[PDB]
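A quick write-up on the structure given underneath.
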Ligand SMILES: Nc1ncnc2c1ncn2[C@@H]1O[C@H](COP(=O)(O)OP(=O)(O)OP(=O)(O)O)[C@@H](O)[C@H]1O
Ligand SMILES: Nc1ncnc2c1ncn2[C@@H]1O[C@H](COP(=O)(O)OP(=O)(O)O)[C@@H](O)[C@H]1O
Ligand SMILES: [Mg+2]
Ligand SMILES: [Zn+2]
Ligand SMILES: [Zn+2]
């Protein structure tokens, strides 16, 4: 199978950064991993300024430009570091780990969002105006063949319900008709929040621009409506899954209650040709995926005496 | 020799004609072309207009051109391109960019300097032609000029967010994990058949990686036909505009713009599922140039200083703000002092202390207060002029409203929030409703507005200044009755205003004749800076912060005590603000006796009325 | 032949009367019912500075009594209210609109209000004045909202977008 060479260099560089930084010699990141081991946490925090001094930014800029393609190698290196220094954090009561970046040099507004930063690591600021429920998202799927009863596991899913194709270890031939084992599958927390532009960035006469920010994992409910929050994460693009052949008849080929814009009828450039689409046209829109959130806008004596210095 | 298929355009002659045009053209040929008499040839004939712009662009590094059509027609040999561009814009523009590619090299190596030219090689250039032809409205567009450059005019209604457009697809193999990029042509993606790797070579093993592709930016604009050209009993028409690359996010909503672009028509599908199309196309335009309808220089600083060195700066800008208004110099004094405002401070322990001046004008009903308010509206940088007669009870603050285009939620600020850091003018103060009045009460007391609706709890910032104008009950303000009965305003609301002026109109022969005289002289057809005030106001408001010295202490304490020989403590904090605002004028960095004397004189002349 | 017809015209149009296919959706319920349309081929509408109009004004000047006759000929059915007819003439013409420098503007338009008891020919006088000037609109009470209908939303059925 074809492998990457730059990804390997980033993976070893991240391991060296985690093992060697130690600048306060305190082993600050090893201190954090020990704190996670004792407190049973599932997310790590990496500062950009700390990384901004090793390799003269060669690693930092490489991570920033292509965060989307380098994240799998960063997690792979983190797994090896955890195994080497703290095996207890390798299994649960495996913990799906998360990496949280913060303290980026420059901040962006919502009106600086262009398609040429898709996949890059950015930080944005805005006022929250709507939040949704904490729904469970399917992370690692598990199925059973209807006839063989063979078990498949760890079937990655990107944006739609994806079942396996080629059957496991025997002679059995089967393209479909699987049964999700909802008990064995891994799930994660999911939340969608709507943000708009700040009162100062809004021009004299303007209808405010909006965006969809996705919070996942331990970052749920940390943004409340009406507050002013600074998000940081990766800028992604989300397709329309309805015309990507969803299994159920419930989608019913884009059932609608309101009338779409006639102005952008045929003006929105949709790509065709793919076999999954058929003769349909796939469309895209820009959304944000956030990994770290910050905000920029007990009468018991015994417990009280504990906190104070 | 060879010609691009379909058209008659050939690159060979076009490139040579364009280079001859650029190195040869001057204002000499332009003024020979137009030759409208009274045409200046004072050294302009040899200025080499194109080469100087080319060099200044090279040294700046920006890629923006303003090639005109009349200038392109000026040269005799390149006259062919004038009629060769109107009919085939795309290919001619492609030749345009290709020639500009080496227009850089033609000038960087004339003296053989050490410019890298590598960043020039990487970057690309384009052109923005304008004034292509006679401007015609959207109401006269036939199918006879599809794919031809036109110039349109219209009102901007709305804009859409940035739209991604795929350029380079990206396919990965689910077995051998091999990555290959496939370019797309006109939207259609030619699917890879089987993995190129001969060893892997598996049928139907392709997966599309959406977030590893390459995208470009699009924007769509909506225009409306201007009300002037529409005839009787008609409904305005609409046209959609396509904007790409650097021109995205240029046209604000509600503006009126004249654009240049290529007319185009595309088919739209009859059925969503089937391949079938219907025999009626949609028409739009792809735009290439858009036109509509801080950073002060050191010379501006010098002229500001020398003007500030004037003996009497007070009276000059007293008369400049309202040239039409005759007499009423005292209210203009107060407004001039208001437009600067005392210094603002927020220390940790005590908290923020206000630095805005509030002024209320009231009196007999046929004075000129509304014109005074509309005068101060323009001078101030950021401000809003809306009457208080009606509208929503929170119309000056945030109002959570349902979005019209999308069934979503939008938080829209009001007029007090939109006048943050400036002067907000309220007209018809007496008609403002009893329920909305309380809103202003929290604005003039804490300078913040809190909204708690639809699951949103938040606070905004007002920090503005209120200048208001009111009218009494009846046709006259009789002096015998006190202020309270006539103005129909709550005592606290009137009290919290920093300065209150009474405008009186008495039947005086001298005053009536003098007023009528200059009014008729204005109607008769036969020391006022234009924009110096705005820059001086910005300089004084954004850089200058005065302080207080004991010389102000000695006068202020004894003045307040002497006024207490029914002056509330509000009076002293009003004197301090006015004195510190006067100190910002006659540019200084500290207060002295003159400022406090002027402030007390103003606040006691206010008491006299 | 396109653009020969405009809204508000009484015309006599000739053409071919043809059946529309009515296909697509809602065609099944009709079955054998069809739409129809007329392919147009001819138009017959039922109903400047030149020496002619240069001489008309001279003729009217030589006629004399321009003021009184102009006021009087307005609505000859109604007898009396001659001063009102003089004032309606002044309203028909417009005063000077001079744009003074530094932002000052002065209006030349006329604001005339006519009060009085009911049943005095209140509402023929008005309607009659609307005939004289092409640019005029007769707006009435709360039956329809047109005086202040400077709305920014228009749910036009053709495209369902705002105008
Ligand atoms: N001076 C007049 N000359 C001719 N007819 C007149 C005169 N004054 C009133 N009329 C009559 O009055 C009528 C026209 O006015 P009308 O009473 O219909 O409306 P109005 O004055 O607006 O009153 P209302 O309040 O009832 O609507 C006609 O019957 C007309 O003959
Ligand atoms: N002192 C004055 N100088 C110049 N014009 C005046 C003066 N006083 C009254 N006017 C005239 O009277 C009119 C006043 O109208 P305005 O003050 O705007 O109405 P309101 O009483 O509703 O504020 C203006 O058209 C103006 O020309
Ligand atoms: Mg009537
Ligand atoms: Zn099987
Ligand atoms: Zn392969």
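Only one entry in A:206, A:158, A:142 is more than 16 Å from ligand 5 (Cβ to nearest atom) and more than 14 Å from every other protein chain (Cβ to nearest Cβ), namely A:142. In region B:474-486, the qualifying residues are those that are touching a helix residue (DSSP H, G or I) at 6+ places or on another chain (Cβ under 8 Å) and farther than 12 Å from residue B:364 by Cβ, and the one that is surrounded by the fewest Cβ atoms within 10 Å (Cβ to Cβ) is B:484. In the set (1) out of contact with any strand residue (DSSP E or B) (no Cβ under 6 Å at 6 or more places or on another chain); (2) surrounded by 12 or more Cβ atoms within 10 Å (Cβ to Cβ); (3) within 14 Å of another protein chain (Cβ to nearest Cβ), residue B:303 fails one condition alone, (3). Examine region B:383-400 for a residue that is farther than 21 Å from residue B:464 by Cα and within 14 Å of another protein chain (Cβ to nearest Cβ), and state whether such a residue exists. The answer is yes, given that some residue of region B:383-400 is farther than 21 Å from residue B:464 by Cα and within 14 Å of another protein chain (Cβ to nearest Cβ).
Of the listed requirements (1) within 14 Å of chain B (Cβ to nearest Cβ); (2) loosely packed, with under 10 Cβ neighbours inside 10 Å, residue C:50 misses just one: (1). For the condition touching a helix residue (DSSP H, G or I) at 6+ places or on another chain (Cβ under 9 Å), more than 7 Å from every other protein chain (Cβ to nearest Cβ) and more than 16 Å from ligand 4 (Cβ to nearest atom), residue B:250 does not qualify. Every listed requirement among (1) within 25 Å of the chain's Cα centre (by Cα); (2) closer than 26 Å to residue B:486 by Cα; (3) surrounded by fewer than 21 Cβ atoms within 10 Å (Cβ to Cβ) is met by residue B:384 save one, (2). Among the residues of region C:15-29, those identified as surrounded by 11 or more Cβ atoms within 10 Å (Cβ to Cβ) and not in a loop (DSSP other than H, G, I, E, B) are C:15, C:18, C:27. Here residue B:597 fulfils each of the conditions (1) surrounded by 19 or more Cβ atoms within 10 Å (Cβ to Cβ); (2) more than 19 Å from residue B:344 (Cα to Cα) apart from (1).
Selection of region A:163-200 for residues being under 29 Å from residue A:232 (Cα atoms), in contact with a strand residue (DSSP E or B) (Cβ under 7 Å, 6 or more places away or on another chain) and within 14 Å of chain B (Cβ to nearest Cβ) yields A:192, A:193, A:194, A:195, A:196, A:197, A:198, A:199.
If the requirement is being within 21 Å of the chain's Cα centre (by Cα), within 16 Å of ligand 1 (Cβ to nearest atom) and farther than 30 Å from residue B:378 by Cα, which of these qualifies: C:79, C:138? Explain how you work it out, then say what you get.
Details: C:79 fails: within 21 Å of the chain's Cα centre (by Cα).
Step by step, each of C:79, C:138 is checked, and only C:138 is within 21 Å of the chain's Cα centre (by Cα), within 16 Å of ligand 1 (Cβ to nearest atom) and farther than 30 Å from residue B:378 by Cα.
Conditions tested, residue by residue: (1) surrounded by 11 or more Cβ atoms within 10 Å (Cβ to Cβ); (2) under 17 Å from residue B:170 (Cβ atoms).
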site: B:186; (1), (2): no, no
site: B:189; (1), (2): yes, yes
site: B:196; (1), (2): yes, yes
site: B:201; (1), (2): yes, no
site: B:211; (1), (2): yes, yes
site: B:216; (1), (2): yes, yes
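Have a look at C:96, C:153, C:66, C:137 and point out the one that is away from ligand 3 (no atom under 16 Å from the Cβ) and within 30 Å of residue B:376 (Cα to Cα). Matching residue, one of C:96, C:153, C:66, C:137: C:96. Meeting the requirement of 1 or more residues that are under 32 Å from the mean Cα position of the chain (by Cα), the helices (runs of 4 or more DSSP H) wholly within region B:414-516 are B:434-443.
This table checks each residue for (1) more than 30 Å from residue B:224 (Cβ to Cβ); (2) exposed (fewer than 13 other Cβ atoms within 10 Å of the Cβ); (3) in contact with a helix residue (DSSP H, G or I) (Cβ under 9 Å, 6 or more places away or on another chain).
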position	(1), (2), (3)
B:105	yes, no, yes
B:119	yes, yes, no
B:122	yes, yes, no
B:132	no, no, yes
B:145	no, no, no
B:180	yes, no, no
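With respect to the conditions (1) touching a strand residue (DSSP E or B) at 6+ places or on another chain (Cβ under 8 Å); (2) closer than 30 Å to residue A:203 by Cα, residue B:246 lacks only one, and its number is (1).
Scan region C:88-102 for residues that are surrounded by 13 or more Cβ atoms within 10 Å (Cβ to Cβ) and away from ligand 1 (no atom under 16 Å from the Cβ) and jot them down.
The first filter runs over region C:88-102 and keeps only residues surrounded by 13 or more Cβ atoms within 10 Å (Cβ to Cβ), leaving C:88-89, C:91-92, C:98, C:100.
Correct list: C:89, C:91, C:92, C:98, C:100.
Against the numbered list (1) within 16 Å of ligand 2 (Cβ to nearest atom); (2) farther than 30 Å from residue B:324 by Cα, residue B:378 comes up short only at (2). Does residue A:220 satisfy the condition of being under 29 Å from residue B:157 (Cβ atoms) and more than 13 Å from every other protein chain (Cβ to nearest Cβ)? No: the conditions fail for residue A:220.
Cβ atoms come from the backbone with ideal geometry, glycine included; neighbour counts cover every protein chain shown. Coordinate-derived values only; no laboratory data.
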